[PDB]
Structure formats: C-alpha cells, structure tokens
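Next comes just one chain, in structure tokens: the form deposited in one PDB entry.
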C-alpha cells in the first residue's frame, strides 16, 4: 500500500493551468498533472539532476522537416484523467492561436505569447500526427516544447471551462491527477494508475502551505512532512544534525540581479549604470549571506544553455577605481538614488542591498532602500534602481538576455534601454540560427555589449535548499520544480 507523500511548501500557485501557473510554487504541482511532447531528462548519464538532454514523452517520435517545422507522431491510446483520448486535436489546440498566442487568448493566458516562439498555426495531418511550426526560422522549437510551455491540455474539457476555471480543476495525462485545492492551504493529487509511463510510487501527493521555515523544519522533525521546500544554507546545520534527516540542495536556473528605469535622466546613458556595476564585490556578498553556495555567473552565461554556454568566459569585473572614475564622468551630483525591493521577496534581497550600499558609498554614490510593502505596485516614474530575478527557463542562451533584454521586450520598451542596433540585430539572428560557431560567437558578442551597457547588473545564481527524510529517495533538479519520474522511492 503506497505511502502518501506530504510536502511542506512555501506557497501554492495562483493557478494550475500550465502557463498561468508558472511561478516558484507552480511547476512542482503542474509537472505531475501534465506531460509535454518532450521531457528534459535531468538525471540522464549519471547527472546530478542538471542534465539538459531532451527525450520523447507524449511524442513517440518526431522529425524536423525544415528550418521552421517539426512533424510529431504521438503515442496512441494515451488518456487524460477524464478518460478522453489524447490526439493531434489536443496538441494542436495547446499551441493554437485560440488557446495560447492569439490576441483573444492572451486576455486569459497573459504570458502565452511571451513564453512562446513566433508560432504559426499547428497543422493536424491525421489522428496522431501534428506539425508544429513557426512563421520565421527557428531551431529552438524542441527546446520550447520541453520547457514549462510544453504541457498538453485536453481541448474539449479546456474549452468548456476556459483557462481560469481550468486552473482550479485541471485535467492532464500525468502520473498524478488533481483531487482538491484549498486556496493558500493545500493541493492534493492522487495517483493516476492509468498512467502511460511507470506506475506512480506515491498514493497521494499533498502540497501543504507552511508560511514560516522554522515550522516546516519542525514538521519535518515531528513526522508531519516527507520533504520541505524553500530553506537557506543557514537552516542546513540544524536539519543535518538529525541522523534520519538531510538537506538536499542545488543551484537553480534563476538569476538574481538589479536593474534601472532607464527613462530617468541619471540612467539614460551607461555611465552611472556601469559605475554601480563595477563597485559591487559579488564574492563578498556570496560568502556573507549564502555560505558560498550561490554561484557568480561568468557573464550572462550558464552551463544549462548547452551549446551556447562558454566555459572560458572571464568573470564580471569588480573595479572600485574604474567605478570612482565613472561617477565623476557621469556628473553625479550626490542626490540619493532609491533601490526598490519588496522586503525579502527574493531570498536575501535586503541584506544584499545593505552590503551593496556600503560598496556604492566607497565609490561616491548614495543609494537608499525603498522597501515597499507586499500588495503595493510602485509606479514606474518613482523607480530608479530595483532588484529583479529572471528564470533561465530554456536550455538555451535565448532566455533571458534575448527574451527580456531583446528588441520589443520589457527592458527596452517599458524601462527605456536604448540598446545599440548591433545588440538588436544579433538578438534576432540567434533566435533564428541553428547551434554552431556563428550562434555561439553572436552570444559571446551579445554578452560583451550587455556588460558594457549595463541595462542590468547580475548578482548571482541562487542556491535552493530542500530537506527530506533519509527514508524518501528523491533528488532535487537544477530548476524551480520537483520531478518524481524515476526519482521517488520509499525505503
């Protein structure tokens, strides 16, 4: 009689619909309810949960037919949790203008176009064959289908409810079906014994919201939870001191940074943006606040980008002397510059800021915190510097230097970054090219322009800490999610 798995979590997503549920807390539940056409095999070839290999999943097989289309042959006889059969109608609907990237679709799925390539309408060729295609060249279609965009939704059930209502009673093909939701309290899923893959190893999975990390640690010790999420390196000594418990940490594919409202005169040019960037001592912050567990990326560059990761790229320079020279050159008059942070929404946001204020003070710059309260939306005109995070959500360099800093995106259109014409032309080229010498060199060049312009200042890649009973064999993955396929066994 399979064990019931209980996870003490920091929170639940606003929705369980695949796209509207994208958040820190959603993928760990969504990944169990749905399957995609392509699955990231994180543990392939002995990898410690950080492999980027993409393998077939609801797609039995696929072939790329040109620089913008792929023909998919789907697995046959696979059912959704409502008993409806999964067909090309459902895969076409999932990536259709109707549900995902059309003008009317983004009214209820706001990020449908933002998390998508330049889609063209899917083509249903037969019951189990579908061509998925872009209007312009794209060798990233496979990476996108193996991403948090990929989950396949049932067409008729999804249409009869709409995206918002579907988010509260989701139906997928995954190993665990939805049972119940108590808003901001718990989600319970039950084993789908009609699953097409291996039999699910837990009878139920309950995601129990426990707000304080101390109460979650207490619940792991008392026997209330099997796994607990959202801990820091500081909680590792207490948890590991118990013989029957252990922490299981991993670097996650996220990026903490600070950025600027470049519509403000003081940030309309790169000079003070770069002085602020060079005065920051990233290894001191990482040692003081993260017990040396977080990683400082060697540019806008991470191993999970695959072919567009450069392991020879020199690290971000810390140069107080050059920062001092750029402050005088900018004509900075000494007016305090605000740094908007919503308390500690991002882990260690306020302590990292307080360290950086001293670093900026050494360079001759007064930066003051503007700790806004939860539920407040500071207006754009009142922001100078602000903290930010960016999920590096594709196994490619496209996200987020091109997806957030590229042409027509947030940092240029809303926050006023006047990017050089070269940066924008290289952003459009890497979106269309196949991996190789040209695409990698273009990514190296984009990183050089990003560092010289400083539209944002990368701080570090955070380290996520889980804790679990030694009688539950489960390893975290290097992404903000939980994978139980081939990764959950009870001793």
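Numbering follows the first chain given and starts at 1. Note that the rigid core is defined as the largest set of C-alphas that superpose within 1.5 Å between two forms. Shifts are known only where both forms have a C-alpha.
Not on display, but discussed next: the form deposited in another entry.
After superposition on the rigid core, the Cα of residue 98 moves by less than 2 Å between the shown form and the other one. Put the two forms on the same core and the Cα of residue 425 is off by 2 Å or more between the shown form and the other one. Between the C-alpha atoms of residue 40 and residue 441, a gap widened by no less than 3 Å is obtained in the other entry, as opposed to the form on display. Under a 2 Å criterion for C-alpha shift, the consecutive stretches of 3+ residues that differ between the shown form and the other one after core superposition lie at 256-285, 296-302, 317-390, 395-460.
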